[PDB]
Amino acid sequence: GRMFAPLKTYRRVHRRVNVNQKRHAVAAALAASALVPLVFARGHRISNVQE
Amino acid sequence: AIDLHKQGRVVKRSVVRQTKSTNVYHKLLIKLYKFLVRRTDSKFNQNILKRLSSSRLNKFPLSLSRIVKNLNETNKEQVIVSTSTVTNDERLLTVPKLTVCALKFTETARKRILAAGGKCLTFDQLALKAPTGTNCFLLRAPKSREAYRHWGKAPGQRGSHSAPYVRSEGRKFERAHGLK
Amino acid sequence: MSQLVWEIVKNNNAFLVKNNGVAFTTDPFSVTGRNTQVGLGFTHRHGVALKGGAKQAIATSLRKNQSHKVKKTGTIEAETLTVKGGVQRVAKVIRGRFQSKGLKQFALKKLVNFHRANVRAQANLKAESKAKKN
Amino acid sequence: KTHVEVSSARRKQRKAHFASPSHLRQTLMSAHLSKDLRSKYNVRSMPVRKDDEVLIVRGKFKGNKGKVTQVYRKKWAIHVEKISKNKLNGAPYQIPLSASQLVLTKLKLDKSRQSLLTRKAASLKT
Amino acid sequence: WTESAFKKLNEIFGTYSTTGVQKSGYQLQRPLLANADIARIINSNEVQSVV
Amino acid sequence: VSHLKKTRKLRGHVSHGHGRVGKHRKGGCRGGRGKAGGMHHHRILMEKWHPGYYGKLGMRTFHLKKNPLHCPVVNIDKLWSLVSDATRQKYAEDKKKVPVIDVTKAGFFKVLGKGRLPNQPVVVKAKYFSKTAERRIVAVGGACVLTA
Amino acid sequence: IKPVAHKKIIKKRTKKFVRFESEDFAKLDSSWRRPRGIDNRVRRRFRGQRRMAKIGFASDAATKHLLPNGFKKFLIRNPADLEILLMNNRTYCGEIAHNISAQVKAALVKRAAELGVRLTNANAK
Amino acid sequence: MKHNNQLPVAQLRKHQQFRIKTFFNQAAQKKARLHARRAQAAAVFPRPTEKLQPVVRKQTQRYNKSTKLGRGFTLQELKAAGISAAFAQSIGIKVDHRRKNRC
Amino acid sequence: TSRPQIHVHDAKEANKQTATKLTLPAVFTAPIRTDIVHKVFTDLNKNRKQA
RNA sequence: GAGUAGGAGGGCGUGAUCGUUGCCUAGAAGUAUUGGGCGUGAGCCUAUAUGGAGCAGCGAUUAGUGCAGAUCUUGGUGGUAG
RNA sequence: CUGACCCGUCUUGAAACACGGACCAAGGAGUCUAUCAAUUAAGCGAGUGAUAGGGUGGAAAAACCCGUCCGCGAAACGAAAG
RNA sequence: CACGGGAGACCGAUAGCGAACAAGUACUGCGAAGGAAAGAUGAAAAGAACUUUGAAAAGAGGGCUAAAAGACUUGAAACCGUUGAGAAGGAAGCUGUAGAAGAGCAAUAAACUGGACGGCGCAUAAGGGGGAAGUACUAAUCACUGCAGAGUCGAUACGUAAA
Ligand SMILES: [Mg+2]
Ligand SMILES: [Mg+2]
Ligand SMILES: [Mg+2]
Ligand SMILES: [Mg+2]
Ligand SMILES: [Mg+2]
Ligand SMILES: [Mg+2]
Ligand SMILES: [Mg+2]
Ligand SMILES: [Mg+2]
Ligand SMILES: [Mg+2]
Ligand SMILES: [Mg+2]
Ligand SMILES: [Mg+2]
Ligand SMILES: [Mg+2]
Ligand SMILES: [Mg+2]
Ligand SMILES: [Mg+2]
Ligand SMILES: [Mg+2]
Ligand SMILES: [Mg+2]
Ligand SMILES: [Mg+2]
Ligand SMILES: [Mg+2]
Ligand SMILES: [Mg+2]
Ligand SMILES: [Mg+2]
Ligand SMILES: [Mg+2]
Ligand SMILES: [Mg+2]
Ligand SMILES: [Mg+2]
Ligand SMILES: [Mg+2]
Ligand SMILES: [Mg+2]
Ligand SMILES: [Mg+2]
Ligand SMILES: [Mg+2]
């Protein structure tokens with residue numbers, strides 16, 4: 001028999017972000033990429049890496 | 001068995017909202033003012049804490065014109081601190097010399113306050129300057145919003161000046177004689 | 001920093017293992033296995049790593065601040081010392097690097113336990129090479 | 001991978017494989033050439049034939065060498081002389097083998113073969 | 001990172017003096033606290049004199 | 001989304017917080033579908049939160065064309081905010097000739113006075129002016145010019 | 001063999017809290033559930049009935065999560081976890097996962113004896 | 001129908017199930033347009049992409065202040081240019097015969 | 001916010017800093033806000049889905 | 001320190017997705033347990049047996065996410081009863 | 001030894017001489033789209049934000065840049081002339 | 001919709017199209033029309049040689065195979081048989097409290113830390129010089145802030161009829 005809520009195609013999956021927040025995000029990301037504690041905290045292996 | 005209201009478990013509504021924001025920095029600024037509040041007997045800091053824990057919406061705008069309008073002879077030398085975002089009023093022509101401390105300066109408010117010979121301050125700085133809040137001026141912005149007009153009294157009770165929720169404003173919309 | 005990094009990694013650290021709501025850390029420099037500002041070596045300043053080598057030698061790793069220098073002393077994570085005196089040497093080193101009482105206690109713990117550990121390990125490696133030969 | 005028209009779906013491929021028509025199957029079941037032959041024709045792999053000489057590389061039967069009795073493409077089997085097992089009643093039966101576990105010691109030579117080999121070598125070295 | 005990479009980084013984004021080129025008016029986030037060490041701030045003269 | 005929703009915390013409570021007596025039922029309970037019975041059992045609603053909903057107002061427009069009714073308004077206070085700072089300062093010091101501000105190019109048509117103006121003189125080019133707009137403009141040492 | 005200090009461990013209730021009428025049915029397992037029934041005996045605290053799961057029952061904070069062997073229980077998933085027990089050796093005991101193979105088991109047992117760590121699931125022959 | 005909220009405006013009153021529009025083609029479509037444009041360039045190579053467009057004022061009182069791209073040149077204009085419609089067309093110029101110059 | 005000069009390393013050699021030292025871009029200055037990374041990341045992941 | 005209708009705050013357990021840490025022919029999942037334990041409780045960990053290829057934790061993302069009932073659906077079985 | 005009526009349900013009132021349930025497995029019920037509002041976290045602020053579309057781009061429907069208009073706010077009161 | 005291509009935070013044999021299969025099939029209906037159930041031995045049939053008792057099915061021996069996995073992967077519950085340990089004078093089950101019997105590779109237990117000394121094997125100690133790296137200071141240098149000459153890029157309701 002048919003479902004409870006037969007699931008549709010037009011369920012809206014995609015979302016749209018304000019540009020400024022996309023950017024702020026990318027930024028803060030880059031900012032993060034620069035500190036040893038963080039990239040090490042991510043599990044990357046930076047031991048023999050220098051600067 | 002005892003007849004106490006709410007069983008002595010009465011919740012205290014007199015308290016400071018525990019803030020859920022995620023900027024790590026708000027939480028930190030807040031660590032700071034928790035310190036200043038318990039270890040400093042200065043009302044000013046406690047005040048700053050209450051208002052910095054504000055609902056996102058409960059933080060209200062400071063405009064350059066707002067500051068300008070509230071200025072006394074002594075208000076001028078004094079550090080101006082708003083608990084909120086400070087914004088430019090485009091209709092303010094000349095901008096005084098100011099040392100202002102807020103959470104956020106609209107880049108316009110910043111440009112004009114700086115290019116007028118002013119200084120922009122952040123609360124970690126304020127801490128360092130005057131923890132007691134000595135010679136500081138704390139600006140509480142005026143509270144306005146559209147929501148407020150739908151609140152109050154209901155829309156069409158006797159003497160209700162409150163606004164109805166309507167999808168369009170037209171001659172045809174809740175502007176016609178009701179059923180009286 | 002140790003503050004900002006706390007808030008940042010307190011929950012998502014890759015060195016993190018949980019047991020019944022008790023959060024422990026895999027950090028090599030952890031002064032206590034448990035996940036806390038203090039437990040977390042890659043965060044704040046005081047952290048130590050210790051490895052056995054060449055029969056007494058303890059490799060001491062002194063958590064060292066992030067450095068842009070002319071020469072590269074060791075891993076960006078930390079500083080690396082070979083100590084031949086080991087236990088005593090490292091005990092001193094600790095005493096220097098950990099000023100507060102607790103941190104001292106903990107590091108030292110890491111030591112005693114570490115050492116006796118490395119001793120057993122030695123015994124076993126011995127028996128192992130004598131097993132490969134005979 | 002570089003090309004949108006290349007199916008990466010398990011389904012599609014498995015399908016291609018098992019739905020393989022005979023001629024394509026022969027390709028699909030193929031063996032690796034001996035160091036010597038590799039060197040001779042400049043060709044790594046070759047599709048197996050019923051007259052070839054092969055060496056079983058992997059299995060309880062690894063190490064044994066012999067002629068290919070039957071290429072039974074439907075059963076997916078290659079049969080090799082003396083690779084049979086004996087049954088208690090005194091009855092012999094062949095043991096089937098997967099080509100990609102074989103190695104080609106000596107090819108059955110003839111014009112078509114040589115042409116194929118030639119094309120492969122051609123794109124290879126050039 | 002590359003050289004071209006690393007250098008274009010700034011032109012693309014910009015800095016608290018200037019806007020970005022590629023983002024055409026993007027201003028990076030204005031920090032909430034100049035100094036993120038509450039250590040420094042709780043532990044300085046001004047603080048403790050009053051405390 | 002889903003794991004935030006009430007359902008999850010309602011599972012096994014049997015009424016789904018719709019009540020044991022009054023449970024969750026079809027349109028009959030809604031009071032009829034949509035704006036149903038607004039004038040009757042829903043009187044109180046309509047009257048109270050949408051008073052003046054039922055009825056008629058004054059004059060039908062058969063085809064209403066908005067484009068020609070289009071008239072953005074400006075107030076005196078924002079005038080100098082339209083043109084750059086360069087301008088108003090440079091003609092505060094220089095009294096030889098006076099500034100012309102075209103409200104038109106800014107996308108506005110009528111000028112209403114709202115705030116007050118600097119004592120420095122201006123010319124303002126606009127489609128319409130309010131008695132007070134002109135008042136304050138002229139009194140400032142300024143002039144009103146009619147555009148199309 | 002590294003016990004620490006105990007307050008005497010006191011267990012408020014031993015018998016598990018059995019779901020009501022679950023002895024009556026197969027379809028009903030005994031995993032507790034809170035009766036919402038309108039007539040329900042239990043939900044009503046009828047003299048003689050089960051006392052349903054309550055907070056007054058939670059064991060005291062000091063003994064909570066304490067094994068009978070005296071240690072708090074720590075679960076070994078990968079090898080790494082072992083090492084953590086080092087700074088924690090006297091507080092916790094090791095428990096090696098069921099998914100970990102025989103070889104790696106002996107390995108971790110060795111490593112444990114070395115790090116001086118107590119193992120509840122340790123292989124005794 | 002319960003609270004103070006604004007009177008709803010029915011949407012799904014008819015059978016909309018037959019009448020829904022889906023936008024996934026959009027992704028590929030944009031792309032297609034690109035290639036089309038590009039393949040135009042290549043096939044037109046020596047010549048320009050968009051044909052010559054005159055300009056006019058917009059048709060509404062509010063739009064007058066702005067500038068807009070016309071569909072074609074006024075015969076009057078081609079005259080003052082000294083081109084025949086036909087020729088201008090062989091050139092890549094866009095002509096519009098119903099437009100008239102009042103200024 | 002530190003903006004130390006960063007050395008541009010040489011590939012041909014295990015550890016060699018080229019003669020080029022470059023002052024750090026503001027992107028790496030940018031505050032590390034995780035909120036913004038969170039939201040944005042979420043939505044952008046969602047953008048890949050087929051219905 | 002009561003509580004139905006109802007509401008709020010925390011937590012348990014299940015797919016799949018982006019991460020992160022790992023386990024498995026030296027035996028994964030699943031299954032049985034009068035083996036040993038952990039939670040007040042959702043539930044958990046282990047042991048033994050069976051099994052013979054895949055699994056698991058942690059942070060998030062998402063949900064066709066938890067059943068004793070509806071003369072509930074489909075399937076399988078009783079007592080009546082030799 | 002002391003205590004212990006059958007659960008679910010509707011009901012002022014259920015162990016009821018009220019109804020459903022002989023047993024077991026698996027399935028099984030507030031979703032999806034739109035709309036306004038209140039609250040919470042985000043960004044920017046007299047502004048804000050695009051959509052369509054252009055332009056680039058990973059194998060890839062992502063992403064990244066552009067996007068003269070438009071929305072909503074920025075002025076209200078009038079049936080309307082205003 | 002048809003034949004093609006590729007794909008998916010779909011479904012995964014009571015799900016997913018009704019149909020993973022001789023599925024719009026078997027079957028029903030005068031007819032229009034209705035319409036299911038049903039997928040997994042093994043790597044390879046090596047699908048159980050042979051002995052024995054049977055009229056025959058089949059049993060007992062014996063064998064294949066990593067294993068019978070043998071009409072077939074795993075093999076839960078309800079229900080049923082066997083074996084074990086219990087119990088019962090017109091029903092059963094259950095909270096609280098003790099006891100008895102039965103079943104057991106046992107989960108708890110007088111151990112642990114140190115001083116001095118001894119017997120063993122390994123390492124090299126503290127203290128003193130020394131002082132790489134580290135931190136702190138501090139001139140000379142130098143990121144950053146500030147000031148800021150020349151070149152190149154940009155903007156500009158400053159300015160011009162444009163320049
Ligand atoms: Mg009481
Ligand atoms: Mg009106
Ligand atoms: Mg190849
Ligand atoms: Mg909720
Ligand atoms: Mg409830
Ligand atoms: Mg218990
Ligand atoms: Mg098309
Ligand atoms: Mg699913
Ligand atoms: Mg085995
Ligand atoms: Mg868990
Ligand atoms: Mg086995
Ligand atoms: Mg989760
Ligand atoms: Mg179920
Ligand atoms: Mg059931
Ligand atoms: Mg029957
Ligand atoms: Mg009794
Ligand atoms: Mg019953
Ligand atoms: Mg009666
Ligand atoms: Mg009834
Ligand atoms: Mg778009
Ligand atoms: Mg408007
Ligand atoms: Mg037999
Ligand atoms: Mg078996
Ligand atoms: Mg039985
Ligand atoms: Mg008996
Ligand atoms: Mg009995
Ligand atoms: Mg008896």
# chains A, B, ... in the order shown; residues from 1 in each chain; ligands from 1

call {"tool": "closest_atom_pairs", "arguments": {"of": "chain L", "to": "ligand 25", "cutoff": "12 Å", "atoms": "only C-alpha atoms (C1' of nucleotides) and all ligand atoms", "output": "CSV"}}
result
residue,atom,partner,partner_atom_place_in_ligand_line,distance
L:84,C1',ligand 25,1 (Mg),11.1
L:85,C1',ligand 25,1 (Mg),8.9
L:86,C1',ligand 25,1 (Mg),7.1
L:87,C1',ligand 25,1 (Mg),8.2
L:88,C1',ligand 25,1 (Mg),10.7

call {"tool": "write_last_selection", "arguments": {"atoms": "C-alpha atoms (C1' of nucleotides)", "output": "PDB file, in the first residue's frame"}}
result
ATOM      1  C1'   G L  84      17.493 -32.176  33.146  1.00  0.00           C
ATOM      2  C1'   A L  85      16.129 -29.176  38.138  1.00  0.00           C
ATOM      3  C1'   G L  86      11.685 -27.766  40.561  1.00  0.00           C
ATOM      4  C1'   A L  87       6.194 -26.921  42.148  1.00  0.00           C
ATOM      5  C1'   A L  88       0.724 -28.139  42.748  1.00  0.00           C
TER       6        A L  88
END

call {"tool": "interface_residues", "arguments": {"of": "chain E", "to": "chain A", "cutoff": "12 Å", "atoms": "only C-alpha atoms", "output": "list in words"}}
result
residues 1, 6, 9, 10, 12, 13, 14, 15, 20, 22, 23, 24, 25, 26, 27, 28, 29, 30 and 31 of chain E

call {"tool": "write_last_selection", "arguments": {"atoms": "N, CA and C atoms", "output": "PDB file, in the first residue's frame"}}
result
ATOM      1  N   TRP E   1      50.405  26.304  -0.316  1.00  0.00           N
ATOM      2  CA  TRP E   1      50.023  27.459  -1.132  1.00  0.00           C
ATOM      3  C   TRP E   1      51.050  27.757  -2.225  1.00  0.00           C
ATOM      4  N   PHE E   6      49.167  32.763  -2.757  1.00  0.00           N
ATOM      5  CA  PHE E   6      49.299  33.511  -1.517  1.00  0.00           C
ATOM      6  C   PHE E   6      49.157  35.028  -1.723  1.00  0.00           C
ATOM      7  N   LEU E   9      45.714  36.263  -2.629  1.00  0.00           N
ATOM      8  CA  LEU E   9      44.830  36.110  -1.457  1.00  0.00           C
ATOM      9  C   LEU E   9      44.321  37.463  -0.998  1.00  0.00           C
ATOM     10  N   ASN E  10      45.250  38.392  -0.861  1.00  0.00           N
ATOM     11  CA  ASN E  10      44.913  39.713  -0.348  1.00  0.00           C
ATOM     12  C   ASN E  10      44.073  40.556  -1.312  1.00  0.00           C
ATOM     13  N   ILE E  12      42.140  39.516  -3.612  1.00  0.00           N
ATOM     14  CA  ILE E  12      40.840  38.839  -3.584  1.00  0.00           C
ATOM     15  C   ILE E  12      39.977  39.252  -2.377  1.00  0.00           C
ATOM     16  N   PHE E  13      40.571  39.166  -1.189  1.00  0.00           N
ATOM     17  CA  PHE E  13      39.873  39.496   0.054  1.00  0.00           C
ATOM     18  C   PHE E  13      40.002  40.948   0.505  1.00  0.00           C
ATOM     19  N   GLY E  14      41.223  41.383   0.789  1.00  0.00           N
ATOM     20  CA  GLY E  14      41.422  42.716   1.316  1.00  0.00           C
ATOM     21  C   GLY E  14      41.740  42.701   2.795  1.00  0.00           C
ATOM     22  N   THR E  15      41.668  43.872   3.427  1.00  0.00           N
ATOM     23  CA  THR E  15      42.084  44.037   4.815  1.00  0.00           C
ATOM     24  C   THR E  15      41.409  45.222   5.476  1.00  0.00           C
ATOM     25  N   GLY E  20      37.914  44.412  -0.588  1.00  0.00           N
ATOM     26  CA  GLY E  20      38.472  43.429  -1.497  1.00  0.00           C
ATOM     27  C   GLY E  20      38.238  43.851  -2.931  1.00  0.00           C
ATOM     28  N   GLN E  22      38.348  41.350  -5.781  1.00  0.00           N
ATOM     29  CA  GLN E  22      37.563  40.285  -6.385  1.00  0.00           C
ATOM     30  C   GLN E  22      36.161  40.166  -5.763  1.00  0.00           C
ATOM     31  N   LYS E  23      36.062  40.408  -4.457  1.00  0.00           N
ATOM     32  CA  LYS E  23      34.781  40.369  -3.744  1.00  0.00           C
ATOM     33  C   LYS E  23      34.073  41.720  -3.800  1.00  0.00           C
ATOM     34  N   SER E  24      34.767  42.689  -4.385  1.00  0.00           N
ATOM     35  CA  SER E  24      34.172  43.966  -4.751  1.00  0.00           C
ATOM     36  C   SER E  24      33.324  44.558  -3.626  1.00  0.00           C
ATOM     37  N   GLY E  25      34.011  44.953  -2.569  1.00  0.00           N
ATOM     38  CA  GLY E  25      33.352  45.566  -1.430  1.00  0.00           C
ATOM     39  C   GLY E  25      33.182  44.698  -0.197  1.00  0.00           C
ATOM     40  N   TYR E  26      33.806  43.527  -0.212  1.00  0.00           N
ATOM     41  CA  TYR E  26      33.786  42.669   0.957  1.00  0.00           C
ATOM     42  C   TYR E  26      34.716  43.235   2.008  1.00  0.00           C
ATOM     43  N   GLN E  27      34.191  43.480   3.206  1.00  0.00           N
ATOM     44  CA  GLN E  27      35.055  43.791   4.345  1.00  0.00           C
ATOM     45  C   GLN E  27      35.109  42.612   5.314  1.00  0.00           C
ATOM     46  N   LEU E  28      36.312  42.161   5.662  1.00  0.00           N
ATOM     47  CA  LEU E  28      36.463  41.002   6.537  1.00  0.00           C
ATOM     48  C   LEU E  28      35.842  41.294   7.897  1.00  0.00           C
ATOM     49  N   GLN E  29      35.536  40.251   8.657  1.00  0.00           N
ATOM     50  CA  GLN E  29      34.853  40.429   9.944  1.00  0.00           C
ATOM     51  C   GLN E  29      35.575  41.409  10.884  1.00  0.00           C
ATOM     52  N   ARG E  30      34.810  42.281  11.534  1.00  0.00           N
ATOM     53  CA  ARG E  30      35.356  43.142  12.567  1.00  0.00           C
ATOM     54  C   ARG E  30      35.399  42.378  13.875  1.00  0.00           C
ATOM     55  N   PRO E  31      36.613  42.079  14.368  1.00  0.00           N
ATOM     56  CA  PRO E  31      36.750  41.320  15.619  1.00  0.00           C
ATOM     57  C   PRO E  31      35.903  41.902  16.781  1.00  0.00           C
TER      58      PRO E  31
END

call {"tool": "interface_residues", "arguments": {"of": "chain H", "to": "chain F", "cutoff": "10 Å", "atoms": "only C-alpha atoms", "output": "PDB file with N, CA and C atoms, in the first residue's frame"}}
result
ATOM      1  N   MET H   1      -9.647  27.324  12.550  1.00  0.00           N
ATOM      2  CA  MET H   1      -9.485  28.783  12.554  1.00  0.00           C
ATOM      3  C   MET H   1      -9.478  29.353  13.983  1.00  0.00           C
ATOM      4  N   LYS H   2      -8.275  29.618  14.493  1.00  0.00           N
ATOM      5  CA  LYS H   2      -8.130  29.921  15.913  1.00  0.00           C
ATOM      6  C   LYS H   2      -7.657  31.318  16.253  1.00  0.00           C
ATOM      7  N   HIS H   3      -6.420  31.641  15.917  1.00  0.00           N
ATOM      8  CA  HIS H   3      -5.821  32.798  16.572  1.00  0.00           C
ATOM      9  C   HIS H   3      -5.828  34.096  15.759  1.00  0.00           C
ATOM     10  N   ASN H   4      -5.160  35.100  16.325  1.00  0.00           N
ATOM     11  CA  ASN H   4      -5.046  36.452  15.778  1.00  0.00           C
ATOM     12  C   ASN H   4      -4.338  36.533  14.411  1.00  0.00           C
ATOM     13  N   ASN H   5      -3.678  35.458  13.990  1.00  0.00           N
ATOM     14  CA  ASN H   5      -2.924  35.488  12.737  1.00  0.00           C
ATOM     15  C   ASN H   5      -3.782  35.863  11.495  1.00  0.00           C
ATOM     16  N   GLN H   6      -3.124  36.452  10.488  1.00  0.00           N
ATOM     17  CA  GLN H   6      -3.796  37.023   9.303  1.00  0.00           C
ATOM     18  C   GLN H   6      -4.574  35.997   8.484  1.00  0.00           C
ATOM     19  N   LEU H   7      -5.754  36.392   8.005  1.00  0.00           N
ATOM     20  CA  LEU H   7      -6.640  35.463   7.293  1.00  0.00           C
ATOM     21  C   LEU H   7      -5.907  34.720   6.168  1.00  0.00           C
ATOM     22  N   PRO H   8      -5.946  33.386   6.216  1.00  0.00           N
ATOM     23  CA  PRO H   8      -5.137  32.620   5.272  1.00  0.00           C
ATOM     24  C   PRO H   8      -5.593  32.911   3.846  1.00  0.00           C
ATOM     25  N   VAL H   9      -4.742  32.600   2.879  1.00  0.00           N
ATOM     26  CA  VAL H   9      -5.118  32.767   1.486  1.00  0.00           C
ATOM     27  C   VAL H   9      -4.929  31.445   0.800  1.00  0.00           C
ATOM     28  N   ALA H  10      -6.036  30.830   0.416  1.00  0.00           N
ATOM     29  CA  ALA H  10      -6.000  29.440  -0.011  1.00  0.00           C
ATOM     30  C   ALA H  10      -5.051  29.279  -1.186  1.00  0.00           C
ATOM     31  N   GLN H  59       9.000  53.321 -21.378  1.00  0.00           N
ATOM     32  CA  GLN H  59       7.646  53.688 -21.796  1.00  0.00           C
ATOM     33  C   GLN H  59       6.732  54.265 -20.708  1.00  0.00           C
ATOM     34  N   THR H  60       7.272  54.401 -19.522  1.00  0.00           N
ATOM     35  CA  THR H  60       6.442  54.747 -18.395  1.00  0.00           C
ATOM     36  C   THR H  60       6.954  56.055 -17.820  1.00  0.00           C
ATOM     37  N   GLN H  61       6.094  56.833 -17.156  1.00  0.00           N
ATOM     38  CA  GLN H  61       6.544  58.077 -16.525  1.00  0.00           C
ATOM     39  C   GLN H  61       7.719  57.827 -15.565  1.00  0.00           C
ATOM     40  N   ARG H  62       7.612  56.786 -14.728  1.00  0.00           N
ATOM     41  CA  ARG H  62       8.707  56.488 -13.815  1.00  0.00           C
ATOM     42  C   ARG H  62       9.994  56.040 -14.524  1.00  0.00           C
ATOM     43  N   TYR H  63       9.873  55.403 -15.685  1.00  0.00           N
ATOM     44  CA  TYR H  63      11.076  54.910 -16.360  1.00  0.00           C
ATOM     45  C   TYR H  63      11.807  55.904 -17.285  1.00  0.00           C
ATOM     46  N   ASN H  64      11.132  57.005 -17.611  1.00  0.00           N
ATOM     47  CA  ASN H  64      11.649  58.009 -18.538  1.00  0.00           C
ATOM     48  C   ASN H  64      13.075  58.405 -18.232  1.00  0.00           C
ATOM     49  N   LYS H  65      13.398  58.535 -16.947  1.00  0.00           N
ATOM     50  CA  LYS H  65      14.717  59.000 -16.541  1.00  0.00           C
ATOM     51  C   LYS H  65      15.834  58.032 -16.964  1.00  0.00           C
ATOM     52  N   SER H  66      15.460  56.822 -17.387  1.00  0.00           N
ATOM     53  CA  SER H  66      16.451  55.790 -17.732  1.00  0.00           C
ATOM     54  C   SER H  66      16.613  55.515 -19.230  1.00  0.00           C
TER      55      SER H  66
END

call {"tool": "residues_around", "arguments": {"residues": "residue 1 (chain J)", "least_positions_apart": "6", "cutoff": "12 Å", "atoms": "only C-alpha atoms (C1' of nucleotides)", "output": "list in words"}}
result
residues 1, 2, 6, 7, 8 and 9 of chain B; 54, 55 and 56 of chain G

call {"tool": "residues_around", "arguments": {"residues": "region 34-43 of chain E", "least_positions_apart": "5", "cutoff": "12 Å", "atoms": "only C-alpha atoms (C1' of nucleotides)", "output": "VMD selection string"}}
result
(chain B and resid 24 to 37 39 to 40 103 120 to 129 131) or (chain C and resid 1 to 7 44) or (chain E and resid 29 48 to 51) or (chain I and resid 1 to 2 29 to 32)

call {"tool": "residues_around", "arguments": {"residues": "residue 20 (chain H)", "least_positions_apart": "4", "cutoff": "12 Å", "atoms": "only C-alpha atoms (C1' of nucleotides)", "output": "MDAnalysis selection string"}}
result
(chainID A and resid 8:11) or (chainID H and resid 12 14:16) or (chainID K and resid 33)

call {"tool": "atom_distance", "arguments": {"atom1": "CA of residue 104 (chain B)", "atom2": "CA of residue 65 (chain B)"}}
result
16.4 Å

call {"tool": "select_by_dssp", "arguments": {"residues": "chain F", "states": "helix (DSSP H, G or I)", "output": "VMD selection string"}}
result
chain F and resid 2 to 4 6 to 10 27 to 30 43 to 49 67 to 69 76 to 82 85 to 93 104 to 106 131 to 139

call {"tool": "atom_distance", "arguments": {"atom1": "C1' of residue 80 (chain J)", "atom2": "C1' of residue 22 (chain K)"}}
result
10.8 Å

call {"tool": "interface_residues", "arguments": {"of": "chain F", "to": "chain J", "cutoff": "12 Å", "atoms": "only C-alpha atoms (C1' of nucleotides)", "output": "VMD selection string"}}
result
chain F and resid 1 to 23

call {"tool": "closest_atom_pairs", "arguments": {"of": "chain A", "to": "region 5-19 of chain I", "cutoff": "10 Å", "atoms": "only C-alpha atoms", "output": "JSON lines"}}
result
{"residue": "A:49", "atom": "CA", "partner": "I:15", "partner_atom": "CA", "distance": 9.7}
{"residue": "A:50", "atom": "CA", "partner": "I:15", "partner_atom": "CA", "distance": 8.5}
{"residue": "A:51", "atom": "CA", "partner": "I:6", "partner_atom": "CA", "distance": 7.6}

call {"tool": "write_last_selection", "arguments": {"atoms": "N, CA and C atoms", "output": "PDB file, in the first residue's frame"}}
result
ATOM      1  N   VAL A  49      56.073  19.062   9.178  1.00  0.00           N
ATOM      2  CA  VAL A  49      55.804  20.340   8.528  1.00  0.00           C
ATOM      3  C   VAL A  49      56.365  21.484   9.367  1.00  0.00           C
ATOM      4  N   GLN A  50      56.708  22.590   8.708  1.00  0.00           N
ATOM      5  CA  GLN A  50      57.541  23.613   9.327  1.00  0.00           C
ATOM      6  C   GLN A  50      56.791  24.891   9.703  1.00  0.00           C
ATOM      7  N   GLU A  51      56.287  25.580   8.685  1.00  0.00           N
ATOM      8  CA  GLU A  51      55.721  26.912   8.836  1.00  0.00           C
ATOM      9  C   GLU A  51      54.367  27.009   8.127  1.00  0.00           C
TER      10      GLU A  51
END

call {"tool": "residues_around", "arguments": {"residues": "residue 143 (chain B)", "least_positions_apart": "6", "cutoff": "9 Å", "atoms": "only C-alpha atoms (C1' of nucleotides)", "output": "MDAnalysis selection string"}}
result
chainID B and resid 58 60:61

call {"tool": "closest_residue", "arguments": {"among": "E:16, E:32, E:21, E:2", "to": "chain B", "atoms": "only C-alpha atoms"}}
result
E:32
